[PDB]
Amino acid sequence: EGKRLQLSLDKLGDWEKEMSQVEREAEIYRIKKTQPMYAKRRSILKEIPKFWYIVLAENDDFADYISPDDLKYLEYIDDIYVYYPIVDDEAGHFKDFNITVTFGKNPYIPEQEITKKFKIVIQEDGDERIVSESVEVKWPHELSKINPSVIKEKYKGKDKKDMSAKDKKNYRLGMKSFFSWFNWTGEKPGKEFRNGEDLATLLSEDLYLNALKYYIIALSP
Amino acid sequence: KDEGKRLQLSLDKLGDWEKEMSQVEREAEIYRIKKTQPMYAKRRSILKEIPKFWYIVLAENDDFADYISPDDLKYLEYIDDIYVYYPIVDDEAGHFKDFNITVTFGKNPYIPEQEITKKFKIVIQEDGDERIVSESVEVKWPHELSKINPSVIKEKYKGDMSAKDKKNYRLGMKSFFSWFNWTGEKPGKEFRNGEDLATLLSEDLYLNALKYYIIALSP
Ligand SMILES: [Cl-]
Ligand SMILES: [Cl-]
Ligand code: NA
Ligand code: NA
Ligand code: NA
């Protein structure tokens, strides 16, 4: 009669759950097979001088997210790498990803290696959301005047609006800088780096994957 | 020239890496297809239980109705099963993207019961690219449309058509049932955008059929 529709729908629900597990396993297999190839690519790209600076400076999508003054320091990036921790952990979300930016030896920004981790959280309304943890970054020396962290420690607990005009201008400039993106979490809206999740996806899925193409375009007529 | 030769060497390494990476991605996708096809077989067995599931999915979808003549929809009421099979699983036939679509017609007075399986293959274009082609498959048309069947009219004038027969040829080439005669190597003279309809039936409507069904049965 009509209970057959209900039984078929229950079978479909169980099938959809099993299908989700199967697709997850297949995607994790692909990530595990593809991560070592990108490790090899990282090793090769470290040979090419100023590769990532050229890729980033040519890109307009990237230039929207950063201030023009920041670009000068991005010249001293030796490596951008994306690692999917599902290869090792195999216990969380398979789309979680970590972006590592390494700055080499230069007089303008101290040499360092910054690894920022991003996780996927399912919002109550169905969709996927990117969140992150703040990672400490050694800012360029010339930009220490606009570091929001220094100004925020100077105005500890004092009113959000009772800052000096100079300090407010520098705080806004520093929140517009690329280097405050490392303090982006996604759970303090209006108070963090603007559109941090979009920049994360840009660095992990378009520039990183197609970096060779953007480089070749940047060195062609 | 200190860095020119090393840049060229790095680019050669990157090219070798790109070739190996393409091979790896092909292997991973073949694994995904092999692991996912049996699940879609189980889903086909379950969906054959649900009455007029595919009619609801096809009729509610606006993307699908654009590719066909509206009158064809009347007959799509009597579709009980649509299936997609990727032959890379068993034989490594050709390109791993080859796929076969099977449409089954249930019990109805208007079009004879049948099962039509149309096979699509991928051809590597001379400039590196891929192209979709297929082989013509004979189909038992609904009775009412035999007057406009392009094969019937083409055989009548096997020698410049009459106005009625030319108009019916135009009407039938726009019909859904001439899509089974699509090959992809006769441009301007075949069914329009057959590859797009094939991809829509194989990768959007078929994969997400449950979602479109529930949407079709909601306010
Ligand atoms: Cl990936
Ligand atoms: Cl990925
Ligand atoms: Na139409
Ligand atoms: Na899907
Ligand atoms: Na509706």
# chains A, B, ... in the order shown; residues from 1 in each chain; ligands from 1
>>> closest_atom_pairs(of="chain A", to="ligand 4", cutoff="12 Å", atoms="only C-alpha atoms and all ligand atoms", output="JSON lines")
{"residue": "A:16", "atom": "CA", "partner": "ligand 4", "partner_atom_place_in_ligand_line": "1 (Na)", "distance": 10.5}
{"residue": "A:19", "atom": "CA", "partner": "ligand 4", "partner_atom_place_in_ligand_line": "1 (Na)", "distance": 9.6}
{"residue": "A:20", "atom": "CA", "partner": "ligand 4", "partner_atom_place_in_ligand_line": "1 (Na)", "distance": 9.2}
{"residue": "A:22", "atom": "CA", "partner": "ligand 4", "partner_atom_place_in_ligand_line": "1 (Na)", "distance": 11.7}
{"residue": "A:23", "atom": "CA", "partner": "ligand 4", "partner_atom_place_in_ligand_line": "1 (Na)", "distance": 8.8}
{"residue": "A:24", "atom": "CA", "partner": "ligand 4", "partner_atom_place_in_ligand_line": "1 (Na)", "distance": 11.3}
>>> write_last_selection(atoms="N, CA and C atoms", output="PDB file, in the first residue's frame")
ATOM      1  N   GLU A  16      22.016   6.830   1.946  1.00  0.00           N
ATOM      2  CA  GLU A  16      22.681   8.122   1.841  1.00  0.00           C
ATOM      3  C   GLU A  16      23.787   8.245   2.882  1.00  0.00           C
ATOM      4  N   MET A  19      26.586   6.082   1.661  1.00  0.00           N
ATOM      5  CA  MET A  19      27.175   6.766   0.517  1.00  0.00           C
ATOM      6  C   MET A  19      28.090   7.894   0.962  1.00  0.00           C
ATOM      7  N   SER A  20      27.675   8.637   1.989  1.00  0.00           N
ATOM      8  CA  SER A  20      28.524   9.684   2.540  1.00  0.00           C
ATOM      9  C   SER A  20      29.827   9.107   3.066  1.00  0.00           C
ATOM     10  N   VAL A  22      31.263   6.336   2.034  1.00  0.00           N
ATOM     11  CA  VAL A  22      32.054   5.859   0.901  1.00  0.00           C
ATOM     12  C   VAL A  22      32.738   7.020   0.186  1.00  0.00           C
ATOM     13  N   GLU A  23      31.999   8.108  -0.051  1.00  0.00           N
ATOM     14  CA  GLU A  23      32.587   9.268  -0.718  1.00  0.00           C
ATOM     15  C   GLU A  23      33.685   9.892   0.131  1.00  0.00           C
ATOM     16  N   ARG A  24      33.479   9.955   1.450  1.00  0.00           N
ATOM     17  CA  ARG A  24      34.525  10.448   2.343  1.00  0.00           C
ATOM     18  C   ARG A  24      35.788   9.603   2.245  1.00  0.00           C
TER      19      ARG A  24
END
>>> closest_atom_pairs(of="chain B", to="ligand 1", cutoff="12 Å", atoms="only C-alpha atoms and all ligand atoms", output="CSV")
residue,atom,partner,partner_atom_place_in_ligand_line,distance
B:21,CA,ligand 1,1 (Cl),11.6
B:25,CA,ligand 1,1 (Cl),10.1
B:28,CA,ligand 1,1 (Cl),11.5
>>> residues_around(residues="residue 95 in chain A", least_positions_apart="5", cutoff="10 Å", atoms="only C-alpha atoms", output="NGL selection string")
:A and (27-28 or 31 or 84-86 or 118-120 or 130)
>>> interface_residues(of="chain A", to="chain B", cutoff="12 Å", atoms="only C-alpha atoms", output="mmCIF file with N, CA and C atoms, in the first residue's frame")
data_model
loop_
_atom_site.group_PDB
_atom_site.id
_atom_site.type_symbol
_atom_site.label_atom_id
_atom_site.label_comp_id
_atom_site.auth_asym_id
_atom_site.auth_seq_id
_atom_site.Cartn_x
_atom_site.Cartn_y
_atom_site.Cartn_z
ATOM 1 N N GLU A 1 0.827 -1.203 0.000
ATOM 2 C CA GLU A 1 0.000 0.000 0.000
ATOM 3 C C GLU A 1 0.868 1.263 0.000
ATOM 4 N N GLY A 2 0.809 2.024 1.093
ATOM 5 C CA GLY A 2 1.534 3.275 1.191
ATOM 6 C C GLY A 2 2.721 3.230 2.131
ATOM 7 N N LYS A 3 2.789 2.195 2.976
ATOM 8 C CA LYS A 3 3.949 2.012 3.840
ATOM 9 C C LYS A 3 5.204 1.674 3.047
ATOM 10 N N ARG A 4 5.045 1.242 1.794
ATOM 11 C CA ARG A 4 6.201 0.947 0.957
ATOM 12 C C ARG A 4 6.999 2.206 0.660
ATOM 13 N N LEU A 5 6.321 3.349 0.536
ATOM 14 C CA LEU A 5 7.032 4.607 0.355
ATOM 15 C C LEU A 5 7.895 4.916 1.570
ATOM 16 N N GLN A 6 7.350 4.704 2.773
ATOM 17 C CA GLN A 6 8.108 4.970 3.992
ATOM 18 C C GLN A 6 9.303 4.034 4.127
ATOM 19 N N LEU A 7 9.113 2.747 3.813
ATOM 20 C CA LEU A 7 10.234 1.812 3.860
ATOM 21 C C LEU A 7 11.312 2.192 2.851
ATOM 22 N N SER A 8 10.908 2.549 1.629
ATOM 23 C CA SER A 8 11.877 2.957 0.617
ATOM 24 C C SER A 8 12.627 4.210 1.048
ATOM 25 N N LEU A 9 11.931 5.148 1.690
ATOM 26 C CA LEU A 9 12.589 6.366 2.148
ATOM 27 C C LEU A 9 13.583 6.074 3.267
ATOM 28 N N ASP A 10 13.243 5.151 4.172
ATOM 29 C CA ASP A 10 14.200 4.755 5.203
ATOM 30 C C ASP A 10 15.419 4.058 4.597
ATOM 31 N N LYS A 11 15.196 3.185 3.606
ATOM 32 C CA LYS A 11 16.317 2.582 2.889
ATOM 33 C C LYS A 11 17.182 3.646 2.235
ATOM 34 N N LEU A 12 16.556 4.668 1.644
ATOM 35 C CA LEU A 12 17.316 5.741 1.012
ATOM 36 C C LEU A 12 18.108 6.546 2.031
ATOM 37 N N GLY A 13 17.549 6.777 3.218
ATOM 38 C CA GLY A 13 18.303 7.493 4.239
ATOM 39 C C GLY A 13 19.526 6.723 4.699
ATOM 40 N N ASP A 14 19.348 5.428 4.973
ATOM 41 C CA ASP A 14 20.491 4.596 5.335
ATOM 42 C C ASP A 14 21.506 4.525 4.197
ATOM 43 N N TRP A 15 21.023 4.411 2.957
ATOM 44 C CA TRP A 15 21.911 4.398 1.803
ATOM 45 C C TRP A 15 22.676 5.705 1.681
ATOM 46 N N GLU A 16 22.016 6.830 1.946
ATOM 47 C CA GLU A 16 22.681 8.122 1.841
ATOM 48 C C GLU A 16 23.787 8.245 2.882
ATOM 49 N N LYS A 17 23.548 7.734 4.091
ATOM 50 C CA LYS A 17 24.604 7.733 5.106
ATOM 51 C C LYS A 17 25.788 6.861 4.674
ATOM 52 N N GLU A 18 25.502 5.649 4.191
ATOM 53 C CA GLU A 18 26.573 4.774 3.720
ATOM 54 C C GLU A 18 27.320 5.404 2.545
ATOM 55 N N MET A 19 26.586 6.082 1.661
ATOM 56 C CA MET A 19 27.175 6.766 0.517
ATOM 57 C C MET A 19 28.090 7.894 0.962
ATOM 58 N N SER A 20 27.675 8.637 1.989
ATOM 59 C CA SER A 20 28.524 9.684 2.540
ATOM 60 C C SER A 20 29.827 9.107 3.066
ATOM 61 N N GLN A 21 29.752 7.982 3.783
ATOM 62 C CA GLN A 21 30.985 7.345 4.245
ATOM 63 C C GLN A 21 31.865 6.914 3.076
ATOM 64 N N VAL A 22 31.263 6.336 2.034
ATOM 65 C CA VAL A 22 32.054 5.859 0.901
ATOM 66 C C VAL A 22 32.738 7.020 0.186
ATOM 67 N N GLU A 23 31.999 8.108 -0.051
ATOM 68 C CA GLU A 23 32.587 9.268 -0.718
ATOM 69 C C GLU A 23 33.685 9.892 0.131
ATOM 70 N N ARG A 24 33.479 9.955 1.450
ATOM 71 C CA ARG A 24 34.525 10.448 2.343
ATOM 72 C C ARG A 24 35.788 9.603 2.245
ATOM 73 N N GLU A 25 35.636 8.279 2.252
ATOM 74 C CA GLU A 25 36.806 7.412 2.157
ATOM 75 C C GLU A 25 37.533 7.625 0.836
ATOM 76 N N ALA A 26 36.781 7.736 -0.264
ATOM 77 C CA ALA A 26 37.403 7.931 -1.571
ATOM 78 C C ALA A 26 38.141 9.262 -1.644
ATOM 79 N N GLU A 27 37.536 10.318 -1.097
ATOM 80 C CA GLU A 27 38.177 11.626 -1.124
ATOM 81 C C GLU A 27 39.440 11.635 -0.263
ATOM 82 N N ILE A 28 39.401 10.965 0.890
ATOM 83 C CA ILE A 28 40.590 10.865 1.733
ATOM 84 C C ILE A 28 41.690 10.088 1.015
ATOM 85 N N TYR A 29 41.321 9.027 0.286
ATOM 86 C CA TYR A 29 42.306 8.304 -0.520
ATOM 87 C C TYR A 29 42.970 9.235 -1.529
ATOM 88 N N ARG A 30 42.172 10.068 -2.205
ATOM 89 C CA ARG A 30 42.739 11.015 -3.166
ATOM 90 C C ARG A 30 43.689 12.003 -2.493
ATOM 91 N N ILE A 31 43.300 12.530 -1.329
ATOM 92 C CA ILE A 31 44.147 13.494 -0.625
ATOM 93 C C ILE A 31 45.465 12.847 -0.218
ATOM 94 N N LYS A 32 45.402 11.610 0.285
ATOM 95 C CA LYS A 32 46.612 10.899 0.688
ATOM 96 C C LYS A 32 47.523 10.624 -0.508
ATOM 97 N N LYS A 33 46.940 10.308 -1.670
ATOM 98 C CA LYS A 33 47.747 10.067 -2.864
ATOM 99 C C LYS A 33 48.301 11.348 -3.482
ATOM 100 N N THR A 34 47.657 12.497 -3.250
ATOM 101 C CA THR A 34 48.063 13.753 -3.877
ATOM 102 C C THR A 34 48.966 14.621 -3.007
ATOM 103 N N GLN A 35 48.903 14.481 -1.681
ATOM 104 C CA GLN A 35 49.743 15.303 -0.810
ATOM 105 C C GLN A 35 51.236 15.108 -1.071
ATOM 106 N N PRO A 36 51.764 13.879 -1.196
ATOM 107 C CA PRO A 36 53.200 13.735 -1.491
ATOM 108 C C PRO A 36 53.622 14.379 -2.798
ATOM 109 N N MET A 37 52.756 14.375 -3.813
ATOM 110 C CA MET A 37 53.105 15.050 -5.059
ATOM 111 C C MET A 37 53.272 16.548 -4.839
ATOM 112 N N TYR A 38 52.398 17.152 -4.026
ATOM 113 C CA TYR A 38 52.552 18.570 -3.728
ATOM 114 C C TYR A 38 53.749 18.828 -2.824
ATOM 115 N N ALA A 39 54.137 17.848 -2.006
ATOM 116 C CA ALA A 39 55.392 17.973 -1.272
ATOM 117 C C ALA A 39 56.574 18.039 -2.235
ATOM 118 N N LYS A 40 56.569 17.162 -3.241
ATOM 119 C CA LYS A 40 57.602 17.206 -4.271
ATOM 120 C C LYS A 40 57.585 18.551 -4.987
ATOM 121 N N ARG A 41 56.386 19.062 -5.273
ATOM 122 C CA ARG A 41 56.277 20.351 -5.942
ATOM 123 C C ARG A 41 56.823 21.467 -5.067
ATOM 124 N N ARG A 42 56.598 21.383 -3.755
ATOM 125 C CA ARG A 42 57.149 22.371 -2.833
ATOM 126 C C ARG A 42 58.670 22.366 -2.901
ATOM 127 N N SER A 43 59.254 21.167 -2.894
ATOM 128 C CA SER A 43 60.708 21.058 -2.970
ATOM 129 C C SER A 43 61.236 21.642 -4.275
ATOM 130 N N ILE A 44 60.517 21.426 -5.380
ATOM 131 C CA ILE A 44 60.963 21.981 -6.657
ATOM 132 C C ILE A 44 60.822 23.502 -6.669
ATOM 133 N N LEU A 45 59.710 24.022 -6.138
ATOM 134 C CA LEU A 45 59.432 25.455 -6.208
ATOM 135 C C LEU A 45 60.379 26.259 -5.334
ATOM 136 N N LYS A 46 60.893 25.657 -4.258
ATOM 137 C CA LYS A 46 61.898 26.352 -3.461
ATOM 138 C C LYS A 46 63.145 26.696 -4.274
ATOM 139 N N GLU A 47 63.382 25.997 -5.388
ATOM 140 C CA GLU A 47 64.511 26.330 -6.254
ATOM 141 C C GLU A 47 64.287 27.641 -6.997
ATOM 142 N N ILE A 48 63.055 27.920 -7.401
ATOM 143 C CA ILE A 48 62.790 29.080 -8.251
ATOM 144 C C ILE A 48 62.814 30.345 -7.385
ATOM 145 N N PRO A 49 63.617 31.346 -7.738
ATOM 146 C CA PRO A 49 63.749 32.536 -6.883
ATOM 147 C C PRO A 49 62.573 33.490 -7.069
ATOM 148 N N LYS A 50 62.042 33.979 -5.946
ATOM 149 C CA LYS A 50 60.947 34.947 -5.935
ATOM 150 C C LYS A 50 59.729 34.423 -6.687
ATOM 151 N N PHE A 51 59.517 33.109 -6.640
ATOM 152 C CA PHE A 51 58.379 32.517 -7.330
ATOM 153 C C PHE A 51 57.061 33.004 -6.743
ATOM 154 N N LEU A 209 47.322 25.983 -6.261
ATOM 155 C CA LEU A 209 47.184 24.903 -7.235
ATOM 156 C C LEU A 209 47.641 25.330 -8.624
ATOM 157 N N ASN A 210 47.345 26.564 -9.018
ATOM 158 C CA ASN A 210 47.677 27.053 -10.349
ATOM 159 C C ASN A 210 48.864 28.006 -10.324
ATOM 160 N N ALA A 211 49.759 27.843 -9.347
ATOM 161 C CA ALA A 211 50.840 28.810 -9.168
ATOM 162 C C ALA A 211 51.738 28.870 -10.390
ATOM 163 N N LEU A 212 52.011 27.714 -10.994
ATOM 164 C CA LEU A 212 52.873 27.675 -12.167
ATOM 165 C C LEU A 212 52.280 28.496 -13.304
ATOM 166 N N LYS A 213 50.968 28.386 -13.510
ATOM 167 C CA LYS A 213 50.324 29.124 -14.592
ATOM 168 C C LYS A 213 50.402 30.631 -14.364
ATOM 169 N N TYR A 215 52.619 32.203 -12.625
ATOM 170 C CA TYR A 215 54.023 32.566 -12.803
ATOM 171 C C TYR A 215 54.366 32.735 -14.281
ATOM 172 N N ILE A 216 53.987 31.747 -15.097
ATOM 173 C CA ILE A 216 54.288 31.797 -16.526
ATOM 174 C C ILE A 216 53.610 32.998 -17.167
#
>>> atom_distance(atom1="CA of residue 102 in chain B", atom2="CA of residue 83 in chain B")
5.1 Å
>>> closest_residue(among="B:156, B:19, B:52, B:119", to="residue 202 in chain B", atoms="only C-alpha atoms")
B:119
>>> residues_near_ligand(ligand="ligand 3", cutoff="12 Å", atoms="only C-alpha atoms and all ligand atoms", output="PDB file with C-alpha atoms, in the first residue's frame")
ATOM      1  CA  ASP B  62      13.721  23.616 -15.112  1.00  0.00           C
ATOM      2  CA  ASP B  63      17.203  22.956 -16.524  1.00  0.00           C
ATOM      3  CA  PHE B  64      16.059  19.669 -18.084  1.00  0.00           C
ATOM      4  CA  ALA B  65      12.884  21.029 -19.709  1.00  0.00           C
ATOM      5  CA  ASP B  66      14.962  23.575 -21.661  1.00  0.00           C
ATOM      6  CA  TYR B  67      16.742  20.889 -23.738  1.00  0.00           C
ATOM      7  CA  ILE B  68      13.577  19.122 -24.951  1.00  0.00           C
ATOM      8  CA  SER B  69      10.298  19.911 -26.627  1.00  0.00           C
ATOM      9  CA  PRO B  70       7.463  20.378 -24.095  1.00  0.00           C
ATOM     10  CA  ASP B  71       5.247  17.658 -25.580  1.00  0.00           C
ATOM     11  CA  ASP B  72       7.924  15.058 -24.800  1.00  0.00           C
ATOM     12  CA  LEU B  73       7.285  15.646 -21.103  1.00  0.00           C
ATOM     13  CA  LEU B 171       9.866  19.362 -35.019  1.00  0.00           C
ATOM     14  CA  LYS B 174      14.073  19.328 -31.588  1.00  0.00           C
ATOM     15  CA  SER B 175      12.342  16.424 -29.824  1.00  0.00           C
ATOM     16  CA  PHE B 176      13.942  14.546 -26.945  1.00  0.00           C
ATOM     17  CA  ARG B 192      21.369  20.495 -30.321  1.00  0.00           C
TER      18      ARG B 192
END
>>> select_by_dssp(residues="range 85-219 of chain A", states="strand (DSSP E)", output="ChimeraX atom specification")
/A:97-103,112-122,128-132
>>> residues_around(residues="residue 200 in chain A", least_positions_apart="6", cutoff="12 Å", atoms="only C-alpha atoms", output="ChimeraX atom specification")
/A:61-62,65,80-82,96-101,116-119,129-132,178,181-182,184-186,193-194,206-208
>>> write_last_selection(atoms="N, CA, C and O atoms", output="compact mmCIF listing (two decimals), in the first residue's frame")
# COMPACT_ATOMS: atom_id res chain seq x y z
N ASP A 61 43.00 39.09 -7.57
CA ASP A 61 42.18 38.58 -6.49
C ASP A 61 42.93 38.67 -5.17
O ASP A 61 42.37 39.07 -4.15
N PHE A 62 44.22 38.33 -5.18
CA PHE A 62 45.02 38.45 -3.97
C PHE A 62 45.21 39.91 -3.57
O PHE A 62 45.12 40.25 -2.39
N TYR A 65 42.75 41.66 -1.17
CA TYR A 65 42.73 41.35 0.26
C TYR A 65 43.83 42.05 1.05
O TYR A 65 43.76 42.06 2.28
N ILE A 80 55.10 28.77 0.11
CA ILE A 80 53.71 28.66 0.54
C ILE A 80 53.29 27.22 0.30
O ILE A 80 53.45 26.70 -0.81
N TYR A 81 52.78 26.57 1.34
CA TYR A 81 52.46 25.16 1.27
C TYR A 81 51.12 24.91 1.92
O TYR A 81 50.75 25.58 2.90
N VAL A 82 50.39 23.94 1.39
CA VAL A 82 49.09 23.56 1.93
C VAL A 82 49.14 22.08 2.28
O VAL A 82 49.49 21.25 1.43
N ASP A 96 39.81 20.03 6.42
CA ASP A 96 40.67 20.88 7.24
C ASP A 96 42.02 21.01 6.55
O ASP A 96 42.53 20.06 5.97
N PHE A 97 42.60 22.20 6.63
CA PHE A 97 43.84 22.43 5.89
C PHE A 97 44.69 23.46 6.60
O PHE A 97 44.18 24.39 7.23
N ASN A 98 46.00 23.31 6.47
CA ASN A 98 46.95 24.22 7.08
C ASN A 98 47.78 24.88 6.00
O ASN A 98 48.32 24.19 5.11
N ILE A 99 47.91 26.20 6.08
CA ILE A 99 48.70 26.99 5.14
C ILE A 99 49.96 27.46 5.86
O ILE A 99 49.88 28.08 6.92
N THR A 100 51.11 27.15 5.27
CA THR A 100 52.41 27.51 5.83
C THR A 100 53.10 28.50 4.90
O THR A 100 53.29 28.23 3.71
N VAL A 101 53.45 29.66 5.46
CA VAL A 101 54.15 30.73 4.77
C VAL A 101 55.50 30.90 5.44
O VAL A 101 55.57 31.09 6.66
N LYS A 116 49.43 28.22 9.79
CA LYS A 116 48.10 28.55 10.27
C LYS A 116 47.13 27.44 9.88
O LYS A 116 47.08 27.05 8.71
N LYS A 117 46.36 26.96 10.85
CA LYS A 117 45.48 25.81 10.68
C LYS A 117 44.03 26.26 10.56
O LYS A 117 43.56 27.07 11.37
N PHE A 118 43.32 25.73 9.57
CA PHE A 118 41.92 26.04 9.32
C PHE A 118 41.10 24.76 9.43
O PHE A 118 41.49 23.71 8.90
N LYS A 119 39.97 24.85 10.12
CA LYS A 119 39.06 23.73 10.28
C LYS A 119 37.68 24.08 9.74
O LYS A 119 37.30 25.26 9.63
N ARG A 129 31.51 26.21 7.23
CA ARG A 129 32.13 27.44 7.68
C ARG A 129 33.60 27.16 7.97
O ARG A 129 33.94 26.11 8.52
N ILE A 130 34.46 28.09 7.60
CA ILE A 130 35.89 28.00 7.85
C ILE A 130 36.22 28.79 9.11
O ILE A 130 35.81 29.94 9.25
N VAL A 131 36.96 28.16 10.04
CA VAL A 131 37.42 28.84 11.24
C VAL A 131 38.91 28.55 11.40
O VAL A 131 39.45 27.62 10.79
N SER A 132 39.56 29.34 12.24
CA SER A 132 41.00 29.21 12.43
C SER A 132 41.38 29.66 13.83
O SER A 132 40.58 30.24 14.57
N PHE A 178 47.96 42.73 5.54
CA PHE A 178 47.95 41.29 5.32
C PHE A 178 48.32 40.55 6.59
O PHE A 178 47.76 39.48 6.89
N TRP A 181 45.90 39.10 9.09
CA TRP A 181 45.15 37.92 8.67
C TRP A 181 45.51 36.70 9.49
O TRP A 181 44.69 35.79 9.66
N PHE A 182 46.74 36.64 10.01
CA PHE A 182 47.14 35.51 10.83
C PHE A 182 46.41 35.47 12.17
O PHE A 182 46.37 34.42 12.81
N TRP A 184 43.21 36.00 12.32
CA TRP A 184 41.82 35.77 11.96
C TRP A 184 41.36 34.42 12.49
O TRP A 184 42.04 33.41 12.30
N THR A 185 40.20 34.41 13.14
CA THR A 185 39.58 33.18 13.62
C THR A 185 38.24 32.88 12.97
O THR A 185 37.90 31.70 12.81
N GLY A 186 37.48 33.90 12.58
CA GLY A 186 36.16 33.71 12.01
C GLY A 186 35.04 33.67 13.02
O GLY A 186 33.87 33.60 12.62
N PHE A 193 40.28 40.49 10.83
CA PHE A 193 40.67 40.71 9.45
C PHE A 193 39.49 40.41 8.53
O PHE A 193 38.79 39.41 8.69
N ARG A 194 39.26 41.31 7.58
CA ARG A 194 38.05 41.22 6.77
C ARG A 194 38.20 40.14 5.71
O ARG A 194 39.20 40.09 4.99
N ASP A 206 43.29 28.31 -5.42
CA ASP A 206 43.50 28.90 -6.74
C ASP A 206 44.96 29.25 -6.99
O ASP A 206 45.54 28.76 -7.96
N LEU A 207 45.58 30.08 -6.14
CA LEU A 207 46.97 30.45 -6.38
C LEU A 207 47.91 29.28 -6.13
O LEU A 207 48.83 29.05 -6.92
N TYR A 208 47.69 28.53 -5.05
CA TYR A 208 48.60 27.42 -4.75
C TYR A 208 48.53 26.35 -5.83
O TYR A 208 49.57 25.87 -6.31
>>> closest_atom_pairs(of="chain B", to="ligand 5", cutoff="6 Å", atoms="only C-alpha atoms and all ligand atoms", output="tab-separated table")
residue	atom	partner	partner_atom_place_in_ligand_line	distance
B:215	CA	ligand 5	1 (Na)	5.8
B:216	CA	ligand 5	1 (Na)	5.0
B:218	CA	ligand 5	1 (Na)	4.8
B:219	CA	ligand 5	1 (Na)	4.4
>>> write_last_selection(atoms="N, CA, C and O atoms", output="compact mmCIF listing (two decimals), in the first residue's frame")
# COMPACT_ATOMS: atom_id res chain seq x y z
N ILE B 215 12.48 18.38 -3.07
CA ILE B 215 12.11 19.75 -3.41
C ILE B 215 10.81 19.76 -4.20
O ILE B 215 9.92 20.60 -3.99
N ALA B 216 10.67 18.81 -5.13
CA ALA B 216 9.48 18.72 -5.97
C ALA B 216 8.24 18.33 -5.18
O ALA B 216 7.13 18.55 -5.66
N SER B 218 7.65 19.55 -2.01
CA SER B 218 7.59 20.54 -0.95
C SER B 218 6.99 21.83 -1.50
O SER B 218 7.13 22.14 -2.69
N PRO B 219 6.30 22.61 -0.65
CA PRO B 219 5.85 23.96 -0.98
C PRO B 219 7.01 24.90 -1.34
O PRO B 219 7.58 25.50 -0.44
